[PDB]
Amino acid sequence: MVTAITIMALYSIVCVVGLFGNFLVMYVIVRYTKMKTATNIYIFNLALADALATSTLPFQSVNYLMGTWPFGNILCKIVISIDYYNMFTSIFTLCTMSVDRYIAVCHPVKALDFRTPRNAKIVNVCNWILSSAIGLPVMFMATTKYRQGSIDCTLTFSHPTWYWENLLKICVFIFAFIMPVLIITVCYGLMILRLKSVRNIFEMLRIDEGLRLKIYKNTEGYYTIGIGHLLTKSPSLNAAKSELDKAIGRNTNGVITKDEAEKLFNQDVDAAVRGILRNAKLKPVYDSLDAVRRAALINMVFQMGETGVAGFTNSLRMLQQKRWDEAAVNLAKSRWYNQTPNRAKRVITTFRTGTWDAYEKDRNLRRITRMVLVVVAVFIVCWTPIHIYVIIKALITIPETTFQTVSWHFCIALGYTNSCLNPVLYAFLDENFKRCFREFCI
């Protein structure tokens, strides 16, 4: 029974540090207002699940040693239910984390709208409901099975037993393993696919304008669609939809496609460059610029039009003579800046530096992405052997040796060990987290 006792020891470490760590994490998330972010809401869900599983650990270890389940019927139902709930909610939360990461990175303008932590709370609730769809019947079908001279807290079914058992094994195998992993993989691939640094004007302006496929009132309150493409001053939707129909050639109903937006984009960019070329105030300043600053100029022409950018005589003067800090200061004193300060700040920085540093993303995204990725990898390493082992046993017979039981309980074990591994990871891969940890320690 050395296996049983080593299981007890290992499980004691996992239980103590697991509970301690997850309680610490949840408490920290709840307590500080700085710690309340979408990522941290998801992390909270994860920590909750882990805390529950670890809570059920000590009852299992004494089951190992006694050879019986003393704790009754209801507590058993609770235990198994918590087991399944953990298995589901964990990987589902990892999924929502991968999706949220993908959104935060590949769709920043859209990200700022719905990446509020309340949405993370909502999707966490939905996670728990979907998981309730499997967890509740498991809680119902769990009971105490009496045997010759022992007691079991197994999940039992009516005849044919192997049927319902293996059916459950299928459902968990598809929904709690295959599908979520596939979703994560798609998120990652799509992420590599849609992530690329900004070195040109087209990328630059999309950061400034965004991809909105429906007609929306802009900052100035005018009906707009695509990437910053303006339609009409009038408030009526038809005069905007008919202009959209005119710009496209087919009846839009107020909705276009990505290719139609990209096509609408390129013509506006060239129309801006064209407009510059026919302007005797702009065209000279145009050729005096490096590509980065030339892009900044097109950005202004894109926004307010050629006639408006024409009346920037002194800023244009300073630009043509290459007086950068002078021009930047003068540009910051315009009504343009007063209207759209953040965008103007980026463009002015582009004029001043000749570098793209006003656009390139913060390192926070990279750090959090790294964190989530590593967490996911650890989870996969911990849960893959058991998910596979179960399916294997379900459909073939294994030559009973001590090695079989050792490997089996080892897989179950590490499957539980993930739960105590998690908070330790939060410390290393997150600076605010290790900061909170230090605040609790020092």
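One-based numbering along the sequence shown.
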Practice task
Mind pulling up the entry and telling me whether 113-121 or 75-83 has the higher mean Cα temperature factor?
Solution key: 113-121
Practice task
Check the entry's C-alpha temperature factors for 92-100 and 349-357, then say which stretch has the higher mean.
Solution key: 349-357
Practice task
Would you mind finding, among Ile170, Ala240, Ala296, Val186, the residue with the largest C-alpha temperature factor in the entry?
Solution key: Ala240
Completion exercise
Per the deposited entry, the peak Cα B-factor within the set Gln303, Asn266, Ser131, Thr369 goes to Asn266
Completion exercise
Tertile call for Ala377 (CA temperature factor, within chain, third-based) is the lowest
Problem - Cα B factor band for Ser288 (lowest, middle or highest third within the chain) - result: highest
Practice task
Place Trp164 in the lowest, middle or highest third of its chain's C-alpha B-factors, as listed in the PDB entry.
Solution key: lowest
Practice task
Please rank the C-alpha B-factors of the chain's modelled residues and tell me whether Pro385 sits in the lowest, middle or highest third.
Solution key: lowest
Problem - CA B-factor placement of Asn330, once the chain's modelled residues are sorted into thirds - result: lowest
